[PDB]
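What follows is a short report on a single structure.
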Amino acid sequence: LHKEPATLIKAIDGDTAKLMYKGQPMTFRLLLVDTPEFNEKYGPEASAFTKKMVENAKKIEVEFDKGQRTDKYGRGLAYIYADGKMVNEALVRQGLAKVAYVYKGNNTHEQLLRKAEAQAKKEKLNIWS
Ligand SMILES: Cc1cn([C@H]2C[C@H](OP(=O)(O)O)[C@@H](COP(=O)(O)O)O2)c(=O)[nH]c1=O
Ligand SMILES: [Ca+2]
């Protein structure tokens, strides 16, 4: 896989954000994770985590997997990096997202994220508390 440039347009919630990519606005959904919705437990905490991460970054990048690049809603499906740190992984490592929606052919970072989840679950962080 390879990282490509994008810029933040607006934070949305724990696992979506509006980015400019190839000069067009798109809503991206984070591959291989699920955050709570804003109205659910840990929802606001996930939204705040992702917001801080993407807003404070000097450089946002998107990394598509080998499969579908957009979902049925027209959302971009990617791994999002903030100054080189993967947001997807960070959320899971903090117990603010579960590994989820692991579809065949877009699952390159699955075992990275499952290792993060195991460590969050050992620490009883957040969703795992
Ligand atoms: C993360 C992801 C979600 N989706 C679809 C599956 C779910 O369909 P349904 O809307 O029918 O439940 C939805 C979950 O996204 P949200 O967690 O943002 O709701 O997005 C994909 O198709 N591919 C993906 O990689
Ligand atoms: Ca969600």
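Chain labels run A, B, ... following the order of the structure tokens; each chain numbers its residues from 1, and ligands are numbered from 1 in the order shown.
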Set the cut-off to 7 Å, count only C-alpha atoms and all ligand atoms, and list whatever residues fall near ligand 2 as a compact mmCIF listing (two decimals) with N, CA, C and O atoms, in the first residue's frame.
# COMPACT_ATOMS: atom_id res chain seq x y z
N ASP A 15 -15.01 7.73 13.65
CA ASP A 15 -14.46 6.93 12.53
C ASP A 15 -14.80 7.48 11.18
O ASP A 15 -14.60 6.79 10.15
N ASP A 34 -14.71 0.21 14.26
CA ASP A 34 -16.02 0.80 14.49
C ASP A 34 -15.93 1.55 15.80
O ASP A 34 -15.69 0.98 16.85
N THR A 35 -16.20 2.82 15.75
CA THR A 35 -16.36 3.59 16.96
C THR A 35 -17.81 3.62 17.36
O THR A 35 -18.69 3.50 16.51
N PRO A 36 -18.09 3.91 18.63
CA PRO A 36 -19.48 4.13 19.04
C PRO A 36 -20.01 5.37 18.30
O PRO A 36 -19.21 6.25 17.97
N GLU A 37 -21.34 5.46 18.10
CA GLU A 37 -21.93 6.69 17.56
C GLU A 37 -21.87 7.73 18.67
O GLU A 37 -21.74 7.40 19.83
Around ligand 1, at most 10 Å away and counting only C-alpha atoms and all ligand atoms, which residues are there? Put them as a ChimeraX atom specification, please.
/A:13-16,28-37,65,67-78,99-104,106-107
Produce a file of the selected residues containing N, CA, C and O atoms, as a short mmCIF file (atom, residue, chain, number, x, y, z; two decimals), in the first residue's frame.
data_model
loop_
_atom_site.label_atom_id
_atom_site.label_comp_id
_atom_site.auth_asym_id
_atom_site.auth_seq_id
_atom_site.Cartn_x
_atom_site.Cartn_y
_atom_site.Cartn_z
N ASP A 13 -16.90 12.40 13.30
CA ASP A 13 -17.02 11.57 14.52
C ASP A 13 -15.80 10.64 14.69
O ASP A 13 -14.77 10.85 14.05
N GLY A 14 -15.93 9.61 15.55
CA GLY A 14 -14.78 8.70 15.84
C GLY A 14 -14.19 8.03 14.61
O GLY A 14 -12.99 7.89 14.51
N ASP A 15 -15.01 7.73 13.65
CA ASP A 15 -14.46 6.93 12.53
C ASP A 15 -14.80 7.48 11.18
O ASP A 15 -14.60 6.79 10.15
N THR A 16 -15.24 8.73 11.13
CA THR A 16 -15.41 9.42 9.83
C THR A 16 -14.85 10.84 9.94
O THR A 16 -14.96 11.50 10.99
N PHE A 28 -14.55 10.34 4.49
CA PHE A 28 -13.86 9.06 4.64
C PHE A 28 -14.34 8.32 5.85
O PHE A 28 -14.57 8.92 6.91
N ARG A 29 -14.48 7.01 5.68
CA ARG A 29 -14.75 6.11 6.77
C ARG A 29 -13.50 5.26 7.00
O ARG A 29 -12.99 4.65 6.08
N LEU A 30 -13.09 5.14 8.24
CA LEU A 30 -11.87 4.38 8.62
C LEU A 30 -12.04 2.90 8.43
O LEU A 30 -13.02 2.30 8.90
N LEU A 31 -11.16 2.30 7.63
CA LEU A 31 -11.15 0.84 7.46
C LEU A 31 -10.93 0.08 8.75
O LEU A 31 -10.17 0.52 9.66
N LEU A 32 -11.69 -1.01 8.91
CA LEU A 32 -11.37 -2.10 9.89
C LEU A 32 -11.67 -1.74 11.32
O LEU A 32 -11.31 -2.52 12.21
N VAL A 33 -12.39 -0.65 11.53
CA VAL A 33 -12.77 -0.23 12.90
C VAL A 33 -14.22 0.16 13.02
O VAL A 33 -14.86 0.42 11.99
N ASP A 34 -14.71 0.21 14.26
CA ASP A 34 -16.02 0.80 14.49
C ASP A 34 -15.93 1.55 15.80
O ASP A 34 -15.69 0.98 16.85
N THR A 35 -16.20 2.82 15.75
CA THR A 35 -16.36 3.59 16.96
C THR A 35 -17.81 3.62 17.36
O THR A 35 -18.69 3.50 16.51
N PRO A 36 -18.09 3.91 18.63
CA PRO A 36 -19.48 4.13 19.04
C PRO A 36 -20.01 5.37 18.30
O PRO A 36 -19.21 6.25 17.97
N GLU A 37 -21.34 5.46 18.10
CA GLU A 37 -21.93 6.69 17.56
C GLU A 37 -21.87 7.73 18.67
O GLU A 37 -21.74 7.40 19.83
N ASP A 65 -6.66 0.49 0.71
CA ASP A 65 -6.27 -0.92 0.68
C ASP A 65 -6.31 -1.46 -0.77
O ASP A 65 -6.39 -0.67 -1.75
N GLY A 67 -8.65 -3.31 -2.27
CA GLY A 67 -10.02 -3.57 -2.72
C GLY A 67 -10.84 -2.32 -2.93
O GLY A 67 -10.31 -1.28 -3.35
N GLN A 68 -12.12 -2.40 -2.59
CA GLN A 68 -13.08 -1.27 -2.70
C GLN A 68 -12.48 0.01 -2.09
O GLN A 68 -12.01 -0.02 -0.94
N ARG A 69 -12.57 1.13 -2.81
CA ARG A 69 -12.11 2.40 -2.26
C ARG A 69 -13.23 3.31 -1.77
O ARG A 69 -12.96 4.30 -1.08
N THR A 70 -14.45 2.99 -2.15
CA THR A 70 -15.61 3.69 -1.63
C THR A 70 -16.67 2.68 -1.24
O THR A 70 -16.75 1.57 -1.77
N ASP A 71 -17.45 3.02 -0.21
CA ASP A 71 -18.55 2.16 0.17
C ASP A 71 -19.86 2.55 -0.52
O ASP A 71 -19.89 3.43 -1.40
N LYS A 72 -20.93 1.85 -0.13
CA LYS A 72 -22.21 1.99 -0.81
C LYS A 72 -22.82 3.38 -0.58
O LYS A 72 -23.79 3.74 -1.26
N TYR A 73 -22.29 4.11 0.41
CA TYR A 73 -22.71 5.48 0.69
C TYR A 73 -21.85 6.55 0.00
O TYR A 73 -22.09 7.77 0.20
N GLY A 74 -20.86 6.12 -0.79
CA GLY A 74 -19.95 7.07 -1.43
C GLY A 74 -18.82 7.55 -0.51
O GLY A 74 -18.09 8.49 -0.85
N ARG A 75 -18.68 6.93 0.67
CA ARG A 75 -17.58 7.29 1.56
C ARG A 75 -16.31 6.60 1.12
O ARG A 75 -16.32 5.43 0.75
N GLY A 76 -15.20 7.34 1.18
CA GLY A 76 -13.87 6.78 0.97
C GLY A 76 -13.54 5.76 2.06
O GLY A 76 -13.94 5.97 3.20
N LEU A 77 -12.90 4.66 1.69
CA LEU A 77 -12.53 3.66 2.70
C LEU A 77 -11.01 3.65 2.75
O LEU A 77 -10.38 3.24 1.78
N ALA A 78 -10.46 4.09 3.86
CA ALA A 78 -9.02 4.14 3.95
C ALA A 78 -8.46 4.00 5.35
O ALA A 78 -9.19 4.14 6.37
N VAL A 99 -12.06 -3.54 16.49
CA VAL A 99 -11.79 -4.06 15.12
C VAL A 99 -13.09 -4.63 14.60
O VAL A 99 -13.77 -5.38 15.33
N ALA A 100 -13.44 -4.27 13.36
CA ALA A 100 -14.78 -4.59 12.85
C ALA A 100 -14.79 -4.36 11.35
O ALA A 100 -13.92 -3.67 10.79
N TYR A 101 -15.82 -4.88 10.68
CA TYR A 101 -15.96 -4.69 9.24
C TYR A 101 -14.73 -5.12 8.47
O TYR A 101 -14.25 -4.42 7.53
N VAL A 102 -14.29 -6.34 8.77
CA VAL A 102 -13.11 -6.86 8.14
C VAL A 102 -13.52 -7.64 6.93
O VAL A 102 -13.92 -8.83 7.02
N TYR A 103 -13.50 -6.99 5.78
CA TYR A 103 -13.94 -7.65 4.55
C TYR A 103 -12.72 -8.19 3.84
O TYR A 103 -11.69 -7.54 3.79
N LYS A 104 -12.89 -9.33 3.17
CA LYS A 104 -11.77 -9.94 2.43
C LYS A 104 -11.26 -8.99 1.34
O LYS A 104 -12.04 -8.30 0.68
N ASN A 106 -9.94 -6.06 1.56
CA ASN A 106 -9.50 -4.84 2.18
C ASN A 106 -9.14 -5.11 3.64
O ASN A 106 -9.73 -4.50 4.52
N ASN A 107 -8.17 -5.98 3.88
CA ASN A 107 -7.81 -6.30 5.26
C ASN A 107 -6.35 -6.30 5.56
O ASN A 107 -5.91 -7.01 6.46
#
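The residue that comes closest to residue 46 (chain A), out of A:12, A:19, A:82, A:115 and on the basis of only C-alpha atoms, is A:12.
In this model, the gap between CA of residue 126 (chain A) and CA of residue 89 (chain A) comes to 15.0 Å.
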List the neighbours of residue 54 (chain A) out to 8 Å using only C-alpha atoms; skip same-chain residues closer than 2 positions along the sequence, and give me the result as a PyMOL selection string.
chain A and resi 8+11+50-52+56-57+60+82
Selected residues written out, N, CA and C atoms, as a tab-separated table (two decimals), in the first residue's frame:
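That gives us part-v9.tsv:
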chain	number	residue	atom	x	y	z
A	8	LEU	N	-7.45	17.98	5.92
A	8	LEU	CA	-8.68	17.98	6.67
A	8	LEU	C	-9.62	19.08	6.20
A	11	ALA	N	-13.57	17.52	10.96
A	11	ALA	CA	-13.78	16.35	11.77
A	11	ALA	C	-15.29	16.07	11.76
A	50	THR	N	-10.39	11.41	17.67
A	50	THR	CA	-10.12	11.51	16.25
A	50	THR	C	-9.98	12.99	15.85
A	51	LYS	N	-10.85	13.82	16.38
A	51	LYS	CA	-10.83	15.27	16.06
A	51	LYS	C	-9.43	15.87	16.39
A	52	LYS	N	-8.95	15.57	17.60
A	52	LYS	CA	-7.66	16.10	18.08
A	52	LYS	C	-6.53	15.59	17.22
A	56	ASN	N	-4.75	18.42	14.79
A	56	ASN	CA	-3.43	18.85	15.25
A	56	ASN	C	-2.32	18.42	14.26
A	57	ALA	N	-2.67	17.56	13.31
A	57	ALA	CA	-1.68	17.07	12.38
A	57	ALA	C	-1.22	18.14	11.40
A	60	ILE	N	-1.87	15.18	6.89
A	60	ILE	CA	-2.84	14.08	6.87
A	60	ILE	C	-2.55	13.27	5.58
A	82	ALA	N	-2.00	10.62	10.65
A	82	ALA	CA	-1.81	11.98	11.09
A	82	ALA	C	-0.35	12.06	11.54
Write out as a PDB file with N, CA, C and O atoms, in the first residue's frame the residues lying within 10 Å of residue 1 (chain A), counting only C-alpha atoms and excluding same-chain residues fewer than 4 positions away.
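Saved the output as selection_22.pdb:
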ATOM      1  N   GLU A  63      -4.467   6.153   2.965  1.00  0.00           N
ATOM      2  CA  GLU A  63      -3.897   4.950   2.390  1.00  0.00           C
ATOM      3  C   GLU A  63      -5.041   4.047   2.051  1.00  0.00           C
ATOM      4  O   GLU A  63      -5.653   3.491   2.916  1.00  0.00           O
ATOM      5  N   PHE A  64      -5.276   3.840   0.767  1.00  0.00           N
ATOM      6  CA  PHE A  64      -6.299   2.872   0.358  1.00  0.00           C
ATOM      7  C   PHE A  64      -5.752   1.439   0.490  1.00  0.00           C
ATOM      8  O   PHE A  64      -4.540   1.213   0.444  1.00  0.00           O
ATOM      9  N   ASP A  65      -6.660   0.489   0.707  1.00  0.00           N
ATOM     10  CA  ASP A  65      -6.268  -0.920   0.676  1.00  0.00           C
ATOM     11  C   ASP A  65      -6.310  -1.462  -0.766  1.00  0.00           C
ATOM     12  O   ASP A  65      -6.391  -0.674  -1.746  1.00  0.00           O
ATOM     13  N   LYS A  66      -6.277  -2.783  -0.939  1.00  0.00           N
ATOM     14  CA  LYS A  66      -6.200  -3.364  -2.279  1.00  0.00           C
ATOM     15  C   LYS A  66      -7.567  -3.537  -2.997  1.00  0.00           C
ATOM     16  O   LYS A  66      -7.614  -3.920  -4.202  1.00  0.00           O
ATOM     17  N   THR A 108      -5.584  -5.437   4.887  1.00  0.00           N
ATOM     18  CA  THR A 108      -4.119  -5.477   4.999  1.00  0.00           C
ATOM     19  C   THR A 108      -3.636  -5.259   6.434  1.00  0.00           C
ATOM     20  O   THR A 108      -2.741  -5.981   6.927  1.00  0.00           O
TER      21      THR A 108
END
Give me the residues within 6 Å of residue 80 (chain A) as an mmCIF file with N, CA and C atoms, in the first residue's frame, counting only C-alpha atoms and dropping any in the same chain fewer than 2 places off.
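selection-v5.cif, written as the output of this step:
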data_model
loop_
_atom_site.group_PDB
_atom_site.id
_atom_site.type_symbol
_atom_site.label_atom_id
_atom_site.label_comp_id
_atom_site.auth_asym_id
_atom_site.auth_seq_id
_atom_site.Cartn_x
_atom_site.Cartn_y
_atom_site.Cartn_z
ATOM 1 N N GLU A 61 -2.577 11.932 5.687
ATOM 2 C CA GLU A 61 -2.464 11.128 4.482
ATOM 3 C C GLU A 61 -3.556 10.068 4.525
ATOM 4 N N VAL A 62 -3.902 9.605 3.332
ATOM 5 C CA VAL A 62 -4.845 8.501 3.188
ATOM 6 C C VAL A 62 -4.110 7.351 2.523
ATOM 7 N N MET A 86 -1.148 6.136 12.408
ATOM 8 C CA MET A 86 -2.455 5.689 11.893
ATOM 9 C C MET A 86 -3.558 5.939 12.917
ATOM 10 N N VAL A 87 -4.558 6.689 12.469
ATOM 11 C CA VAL A 87 -5.699 6.982 13.347
ATOM 12 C C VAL A 87 -6.445 5.682 13.687
#
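Across the model, the gap from CA of residue 59 (chain A) to CA of residue 79 (chain A) is 13.9 Å.
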